[PDB]
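Keep in mind that the numbers below use all heavy atoms, side chains included, and drop hydrogens, waters and symmetry copies. Each chain gets a letter, A, B and so on, in the order its sequence line appears, and its residues count up from 1.
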Amino acid sequence: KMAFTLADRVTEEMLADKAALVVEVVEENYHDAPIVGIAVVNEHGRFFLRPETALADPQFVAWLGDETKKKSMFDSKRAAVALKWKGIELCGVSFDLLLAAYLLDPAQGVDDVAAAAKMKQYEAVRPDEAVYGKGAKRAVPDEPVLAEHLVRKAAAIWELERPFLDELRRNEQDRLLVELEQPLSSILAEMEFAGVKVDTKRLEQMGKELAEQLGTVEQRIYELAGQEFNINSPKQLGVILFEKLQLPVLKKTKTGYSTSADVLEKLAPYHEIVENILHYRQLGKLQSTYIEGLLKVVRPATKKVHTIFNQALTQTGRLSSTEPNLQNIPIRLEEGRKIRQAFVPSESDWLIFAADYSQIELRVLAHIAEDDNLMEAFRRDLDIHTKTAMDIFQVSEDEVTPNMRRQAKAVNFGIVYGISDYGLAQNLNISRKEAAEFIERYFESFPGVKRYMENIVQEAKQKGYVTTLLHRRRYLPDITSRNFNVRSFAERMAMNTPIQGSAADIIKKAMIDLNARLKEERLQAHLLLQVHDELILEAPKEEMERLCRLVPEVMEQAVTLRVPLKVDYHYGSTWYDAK
DNA sequence: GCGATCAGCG
DNA sequence: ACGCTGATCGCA
Ligand SMILES: [Ca+2]
């Protein structure tokens with residue numbers, strides 16, 4: 001039905017200075033994936049190009065790389081990274097419909113052009129699932145069907161830029177889109193394509209030793225149970241723990257007994273088997289997720305892994321990382337933390353450099369709540385996580401172990417995000433009356449934080465949503481629910497989303513400023529990863545001293561709050577050693 | 001496919 | 001009965 005030119009070659013009217021562009025990559029993981037077709041829509045008409053001709057045409061390649069030739073797209077990072085794997089640079093992306101829809105409403109779950117278009121009553125385009133199919137039936141349709149679908153997606157983007165930009169402007173989000181999310185998308189594309197080199201010899205050797213240790217722990221388990229059984233079957237595990245050994249039942253799931261790590265730690269005084277089970281799960285988690293799982297996604301020729309940073313997924317404005325997830329590599333236990341020895345620089349005589357914001361969300365909270373005592377604490381550069389551990393465990397600063405500080409950390413965030421006295425009691429193995437009175441003492445020291453929690457909930461009720469410092473938005477319809485439990489979850493979102501989301505705004509701006517500064521200084525240093533409030537770079541070892549001065553300062557000056565921001569940083573031969 | 005579990009970030 | 005995630009695994 002929709003008219004377009006099925007081109008056999010590239011003509012000049014296809015190369016206008018504004019166009020909607022579709023560069024179609026059907027595989028979910030777009031690294032090194034086929035480009036199946038290209039569509040262009042501009043003032044001169046609608047065009048479909050086969051990639052084998054468009055991407056070898058020197059005028060089309062120059063047009064793609066000309067930043068003054070402006071393109072509107074959906075998920076331009078998918079396109080940009082797929083084009084890098086074809087050796088082609090995409091520049092000039094001035095509107096991204098995926099990122100525009102994400103800002104307007106992250107809960108929509110927009111995953112293709114049709115779902116974005118539906119937000120503005122535009123329905124002249126089919127969902128990608130209807131054209132390609134689902135699961136094992138996924139297939140590229142034949143050329144006529146493929147080309148009409150790509151042209152319809154391009155025409156939708158063409159028509160939708162203005163009504164999306166208009167609503168972004170009304171929401172105070174247009175500069176958020178155009179100066180933050182869209183430049184960040186090109187930086188993530190570079191990070192994803194650079195990848196992270198992995199020491200596969202050391203990883204495989206760890207995997208060998210691990211399997212030997214797994215079998216040993218597994219036999220002490222069978223010997224402590226007096227019998228063999230399946231350690232990962234809840235049924236058989238419940239029989240050993242709760243019927244055979246007759247341990248107390250502290251917690252049930254919807255399917256039966258709970259055996260989560262918090263339950264098993266509480267059972268450790270009763271029987272030695274439960275701590276062996278914990279060691280066994282931890283060893284097994286490393287093997288399946290961080291050894292085997294990681295080797296499966298290493299590209300063998302370069303020994304690099306290439307994550308995908310989902311930039312339009314989380315409800316707070318955070319990124320997520322997938323296949324592999326490089327944002328949850330073990331660190332807390334020494335056995336798992338050794339995994340990070342396998343992440344190495346991509347050139348000899350380069351180093352890994354890591355920089356991290358200190359107590360980022362509490363500094364953001366101090367600023368947003370304008371709490372006098374919390375603002376003073378950070379103006380003194382106090383370590384609030386350590387101070388809370390001193391108070392909890394009634395020890396001195398010199399005696400705070402890494403674990404107590406990590407514990408107190410869950411206490412600080414738990415309290416400001418609405419933990420109940422019950423929840424706090426369970427978390428610390430203390431009484432519920434002592435839990436409630438600790439919480440009341442905590443808000444007596446920080447009355448501005450308490451006022452803020454009450455006020456933000458009220459504002460969410462009035463407005464129907466909450467916002468972050470850079471005007472990211474999250475709608476909270478459940479805030480006025482008749483159901484107490486549904487309303488309560490919404491109130492804790494109203495307490496947490498402005499703080500976590502503002503911390504996400506800040507590090508994103510820091511990344512944009514960092515990239516610009518590295519380029520102005522003509523350094524080879526470049527970002528590899530973001531881990532929510534941490535940035536990880538690699539660079540020639542001769543740039544490290546300049547990075548020690550440049551990176552902390554760029555991150556600390558990304559925004560100006562009522563308290564200082566503070567950055568810790570380390571560098572070394574591996575990711576393990578950058579700490 | 002989902003729920004439980006557990007790895008990270010706060 | 002703090003929040004935000006992704007990968008794995010058994011299936012009660
Ligand atoms: Ca931090």
Please tell me which of the listed nucleotides, [options], lies nearest to the side chain of [X]?
X       : options                  : value
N485(A) : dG10(C), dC4(C), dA1(C)  : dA1(C)
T253(A) : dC4(C), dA4(B), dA1(C)   : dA4(B)
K235(A) : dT5(C), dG10(B), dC11(C) : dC11(C)
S320(A) : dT8(C), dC4(C), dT5(C)   : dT5(C)
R332(A) : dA7(C), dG6(C), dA7(B)   : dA7(B)
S233(A) : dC4(C), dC2(C), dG10(C)  : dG10(C)
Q282(A) : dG10(B), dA1(C), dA7(B)  : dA7(B)
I419(A) : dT5(C), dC2(C), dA7(B)   : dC2(C)
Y422(A) : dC2(C), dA1(C), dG8(B)   : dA1(C)
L278(A) : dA7(B), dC2(C), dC6(B)   : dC6(B)

Is there a side-chain contact between [X] and the phosphate of [N], meaning an N or O under 4.0 Å from OP1 or OP2?
X       : N      : answer
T259(A) : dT5(B) : yes
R432(A) : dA1(C) : no
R281(A) : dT5(B) : no
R492(A) : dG3(C) : yes
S420(A) : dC2(C) : yes

Looking at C1'-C2'-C3'-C4', which way does the sugar of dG8(B) lean, north or south?
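Of the two classes, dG8(B) takes north, because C1'-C2'-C3'-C4' is positive.
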
Using the sign of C1'-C2'-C3'-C4', would you call the sugar of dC2(C) north or south?
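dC2(C) falls in the north pucker range.
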
Which part of the nucleic acid, if any, lies within contact of [X], taking any heavy atom under 4.0 Å across all strands shown: a base, the sugar-phosphate backbone alone, or nothing?
X       : answer
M495(A) : nothing
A503(A) : nothing
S258(A) : sugar-phosphate
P330(A) : sugar-phosphate
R406(A) : nothing
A504(A) : nothing
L286(A) : nothing
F484(A) : nothing
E323(A) : sugar-phosphate

Go through the N and O atoms of the side chain of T255(A) and the base of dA12(C), and report whether any donor-acceptor pair is under 3.5 Å.
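Pair found.
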
Please confirm whether any donor atom in the side chain of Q500(A) sits under 3.5 Å from an acceptor in the base of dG3(C), or the reverse.
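A donor-acceptor contact between them is present.
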
Separation of [N] [atom2] from [X] [atom1] (nearest whole Å):
X       : N       : atom1 : atom2 : result
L362(A) : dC2(C)  : CG    : P     : 18 Å
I329(A) : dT8(C)  : CD1   : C1'   : 14 Å
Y280(A) : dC9(C)  : OH    : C1'   : 11 Å
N29(A)  : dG6(C)  : CG    : P     : 14 Å
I231(A) : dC6(B)  : CD1   : P     : 14 Å
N483(A) : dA1(C)  : CG    : P     : 11 Å
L283(A) : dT8(C)  : CG    : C1'   : 16 Å
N412(A) : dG10(B) : CG    : P     : 13 Å

Quiz item: cation-pi between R363(A) and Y357(A), 6.0 Å / 45°:
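Cation-pi check for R363(A) and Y357(A): fails.
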
Side chain to side chain contact (heavy atoms under 4.5 Å, CB included) evaluation trace for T289(A) with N325(A)
CA-CA 10 Å; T289(A) 300; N325(A) 188 345; over 6 Å; no

Measuring only between side-chain heavy atoms, which start at C-beta, is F343(A) closer than 4.5 Å to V305(A)?
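In short, these two side chains touch, coming nearer than 4.5 Å.
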
With no hydrogens and no angle check, do the side chains of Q341(A) and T574(A) hold a donor and an acceptor under 3.5 Å apart?
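Absent: no donor and acceptor within the cut-off.
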
Quick check: does any side chain N or O of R379(A) sit under 3.5 Å from a backbone N or O of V563(A), one acting as donor and the other as acceptor?
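No, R379(A) side chain to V563(A) backbone: no donor-acceptor pair under 3.5 Å.
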
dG10(B) pyrimidine/purine six-ring stacking with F413(A), under 5.5 Å and 30°:
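The ring of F413(A) is stacked on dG10(B).
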
Would you mind checking if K197(A) and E538(A) are paired as a salt bridge, meaning a charged N to carboxylate O distance below 4.0 Å?
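Looking at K197(A) together with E538(A), the answer is no, because their closest N to O distance does not fall below 4.0 Å.
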
Suppose we call two aromatic rings close when their centres sit under 6.0 Å apart. Are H526(A) and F353(A) close by that rule?
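Ring centroids of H526(A) and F353(A) are no less than 6.0 Å from each other.
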
More than 12 non-hydrogen atoms from neighbouring residues, nucleotides or ligands closer than 6.0 Å to CD on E28(A), yes or no?
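At most 12 heavy atoms, drawn from other residues, nucleotides or ligands, come within 6.0 Å of this atom.
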
